[PDB]
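Number 317 in the entry's author numbering belongs to position 317 of the sequence shown; there are no gaps in the numbering. Beta carbons: idealized from backbone N, C-alpha and C, even for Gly.
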Amino acid sequence: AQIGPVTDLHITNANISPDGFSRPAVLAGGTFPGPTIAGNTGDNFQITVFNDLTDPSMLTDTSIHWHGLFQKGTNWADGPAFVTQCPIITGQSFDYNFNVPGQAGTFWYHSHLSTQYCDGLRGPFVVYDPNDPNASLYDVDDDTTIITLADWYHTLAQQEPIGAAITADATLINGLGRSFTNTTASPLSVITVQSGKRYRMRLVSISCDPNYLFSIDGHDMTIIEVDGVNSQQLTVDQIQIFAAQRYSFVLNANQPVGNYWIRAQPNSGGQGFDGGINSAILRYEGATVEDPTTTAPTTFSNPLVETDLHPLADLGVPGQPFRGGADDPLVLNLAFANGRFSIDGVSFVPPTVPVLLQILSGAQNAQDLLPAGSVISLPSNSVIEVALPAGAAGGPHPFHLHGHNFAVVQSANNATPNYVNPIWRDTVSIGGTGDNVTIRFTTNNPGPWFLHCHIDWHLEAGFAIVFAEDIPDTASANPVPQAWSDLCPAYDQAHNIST
Ligand SMILES: *[C@@H]1O[C@H](CO)[C@@H](O[C@@H]2O[C@H](CO)[C@@H](O[C@@H]3O[C@H](CO)[C@@H](O)[C@H](O)[C@@H]3O)[C@H](O)[C@H]2NC(C)=O)[C@H](O)[C@H]1NC(C)=O
Ligand SMILES: *[C@@H]1O[C@H](CO)[C@@H](O[C@@H]2O[C@H](CO)[C@@H](O[C@@H]3O[C@H](CO)[C@@H](O)[C@H](O)[C@@H]3O)[C@H](O)[C@H]2NC(C)=O)[C@H](O)[C@H]1NC(C)=O
Ligand SMILES: [Cu+2]
Ligand SMILES: [Cu+2]
Ligand SMILES: [Cu+2]
Ligand code: NA
């Protein structure tokens with residue numbers, strides 16, 4: 001069952017064996033992935049998070065981010081540790097009380113402390129639209145049509161060297177899959193469809209690192225949503241999905257009744273499908289209960305290309321139709337050396353006092369904010385452009401902005417910008433050497449918004465900056481509840497920190 005929009009959510013430690021190998025984890029709702037949190041557009045969500053963690057090897061503090069939800073007027077509820085709050089300590093709870101006006105689509109939630117989400121704290125978050133403009137394109141859209149793609153590690157995250165090329169041990173599809181080494185024939189996930197019906201498959205990357213080449217043997221996929229943004233229909237036979245991205249696609253159950261492989265090939269870790277790695281099963285009602293015998297093509301004739309996507313609504317692009325054609329045009333220098341990432345010459349290391357609390361305590365320019373050099377102010381009611389030229393090791397890097405979605409004016413692997421009708425999204429691959437992926441948005445949401453690579457190992461190694469959007473209006477726009485004001489005193493007392 002789905003939970004929400006008003007619900008408790010307990011965060012616990014438990015052993016799990018999603019690929020046959022037992023290890024302890026950090027779980028929401030007792031499962032991997034966590035339960036789906038759901039509601040309708042404009043609803044009030046109140047997710048009271050109970051931190052019941054006791055195993056220090058995965059951290060006993062926690063904080064949860066609602067990925068892709070704008071949090072307008074509720075910056076304090078966004079979740080990134082030391083940006084919008086101090087962590088919740090064990091044996092305490094915290095009500096994330098916010099609203100979702102003007103958003104409907106496929107999202108997710110995850111820990112936003114250190115690399116803790118890699119240890120298991122990740123689940124789907126779906127905001128349905130009772131008047132969805134795509135409703136007539138499908139028959140079925142429910143918890144059974146969510147497809148999660150996850151990387152899974154046998155080593156605990158706090159034992160992964162900072163700045164290293166860290167590699168997974170299994171791909172999990174809906175929580176199940178097989179290990180790349182010492183492979184055992186552990187259970188595969190099954191997605192069941194009825195011949196003749198059309199399904200809104202909500203594809204969610206909950207990855208900590210790899211991108212996946214996702215396909216379904218014998219089937220194609222008609223994209224209708226990108227990171228929460230309704231799209232024009234785009235039919236593809238393969239989707240390369242980067243960490244934290246989401247797509248809705250229509251699956252037409254129009255092939256013969258049978259069993260078909262579902263494939264998710266990561267860019268690192270195990271290559272291919274030997275022993276049923278990187279796989280799940282699409283089963284038609286009435287099919288024999290047996291593994292598929294289908295094969296992939298040698299090459300995919302209609303892969304997703306990001307410049308082919310266009311919004312369903314007339315969203316346009318803010319600003320003027322040329323590079324630098326914005327009120328505040330930025331170019332970030334994105335680099336890696338010696339195990340650490342940097343942005344504009346500064347490697348991100350979380351501050352002792354969360355950025356939001358520094359601003360509410362009176363610090364009002366970005367040079368007064370800590371970490372020094374890691375906070376850039378943005379002016380209010382302005383068009384912002386951010387060029388993100390690639391080249392830093394460990395690519396392709398999927399960059400994500402909190403508090404906002406953005407027009408993708410220039411995409412990976414294509415030097416031509418689009419000032420007319422590019423897709424809008426919230427996480428974007430910045431591509432390869434010589435690319436100049438560029439995003440635009442308008443500043444109508446006061447507060448500190450994290451910008452970072454969504455390969456969690458890279459964020460841990462410093463690949464982040466904070467956009468302090470409209471510092472002067474942050475306090476009036478974001479009144480804070482007493483329970484939020486209590487978080488840093490409690491956390492600092494528990495950890496013997498002075499501030
Ligand atoms: C990606 O696109 C951005 C624009 O969106 C390009 O930024 C431009 O970068 C050049 C230098 O590479 C800038 O010109 C330089 O300016 C300094 C003075 O600030 C001057 O001293 C240098 O001689 C040179 O003129 C230009 O200002 C800038 N545009 C903006 C908005 O900052 C960037 O080069 C592109 N990157 C790649 C890898 O294609
Ligand atoms: C590289 O990225 C550029 C920019 O996003 C892509 O260019 C766009 O290509 C589309 C599709 O062909 C062009 O739209 C076409 O416009 C014509 C004339 O209106 C229309 O009759 C066609 O039906 C279609 O709508 C679009 O104008 C063009 N934009 C720009 C700024 O050049 C390009 O396709 C991408 N390259 C690859 C290999 O995908
Ligand atoms: Cu995220
Ligand atoms: Cu986010
Ligand atoms: Cu990265
Ligand atoms: Na425009």
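Query, Result
"Work out the CA separation of residue 184 and residue 70 for me, nearest whole Å.", "42 Å"
"Does residue 485 come out as helix, strand or coil in the three-state DSSP assignment?", "helix"
"Quick one: grab the DSSP three-state call for residue 465.", "strand"
"Pull up the CB-CB distance for residue 394 and residue 458, whole angstroms please, since I reckon it's below 8 Å.", "6 Å"
"Is residue 317 near ligand 6, with its Cβ less than 6 Å from a heavy atom?", "yes"
"How big is the Cα-Cα spacing for residue 171 and residue 41?", "32 Å"
"Between residue 2 and the rest of its own chain, which residues show a CB-CB distance below 8 Å, the 5 nearest in sequence each way excluded?", "35, 36, 37, 38, 126, 143"
"Apart from the five residues just before and just after residue 281, which ones in its own chain have a Cβ nearer than 8 Å to its Cβ?", "188, 189, 190, 191, 259, 260, 261, 262, 291, 292"
"Alpha carbon to alpha carbon, how far is residue 355 from residue 400? Give it in angstroms, no decimals.", "18 Å"
"Got a sec: does ligand 4 put a non-hydrogen atom nearer than 6 Å to the Cβ of residue 67?", "yes"
"What do you reckon, are the CB atoms on residue 10 and residue 45 nearer than 7 Å?", "no"
"Look at the alpha carbon of residue 265 and the alpha carbon of residue 294, and state the distance between them as a whole number of angstroms.", "16 Å"
"Is the beta carbon of residue 141 less than 7 Å from the beta carbon of residue 200?", "yes"
"If you measure from the CB of residue 412, is any heavy atom of ligand 3 nearer than 6 Å?", "no"
"For the alpha helix (DSSP H) containing residue 356, list its first residue and its last residue.", "355-360"
"For a test of the three-state rule: what should DSSP assign to residue 136, helix, strand or coil?", "helix"
"Quick check on DSSP: helix, strand or coil for residue 419?", "coil"
"Is any non-hydrogen atom of ligand 3 found closer than 6 Å to the C-beta of residue 372, if you look at the structure I gave you?", "no"
"Per DSSP, what are the beta-bridge partners of residue 95 in this structure?", "48"
"Please indicate yes or no: does the CB of residue 500 lie closer than 6 Å to some heavy atom of ligand 1?", "With the chain represented from 1 up to 499, any question about residue 500 goes unanswered, as that position is not in the structure."
"Jot down the residue ranges of each uninterrupted beta strand (DSSP E) in the segment 102-135, minimum 3 residues, whole runs only, in chain order.", "105-111, 122-128"
"How far does the alpha helix (DSSP H) with residue 460 in it reach, from first residue to last?", "456-460"
"Pull every residue with its beta-carbon under 6 Å away from any heavy atom of ligand 5, and keep them in chain order.", "394, 397, 453, 455, 458, 463"
"For the alpha helix (DSSP H) holding residue 477, just list the boundary residues, first then last.", "471-477"
"How would you label residue 338, buried or exposed, when you count the other beta carbons within 10 angstroms and need 16 or more for buried?", "exposed"
"Taking the straight line between their C-alpha atoms, what separation do you get for residue 147 and residue 99?", "25 Å"
"Taking its Cβ as the centre, do 16 or more other Cβ atoms sit within 10 Å of residue 486, making it buried, or is it exposed?", "exposed"
"Check residue 153 in the structure and name its three-state DSSP category.", "coil"
"Across the segment 271-281 and the segment 238-258, are there enough close Cβ pairs to call them in contact, namely three or more that are closer than 8 Å?", "no"
"Can you tell me whether residue 150 sits near ligand 3, meaning its C-beta is under 6 Å from at least one heavy atom of the ligand?", "no"
"What does residue 266 pair with, by DSSP beta-bridge criteria?", "212"
"Does the contact criterion of 3 or more C-beta pairs under 8 Å hold for the segment 404-419 versus the segment 297-315?", "yes"
"For ligand 2, is there any heavy atom lying closer than 6 Å to the beta carbon of residue 305?", "yes"
"If you scan the segment 333-420 from start to end, which runs of the alpha helix (DSSP H) of 4 or more residues do you find wholly inside it?", "355-360"
"Which one or two residues does DSSP pair with residue 172 in a beta bridge?", "150"
"Are there 16 or more other CB atoms within 10 angstroms of the CB of residue 180, so buried, or fewer, so exposed?", "buried"
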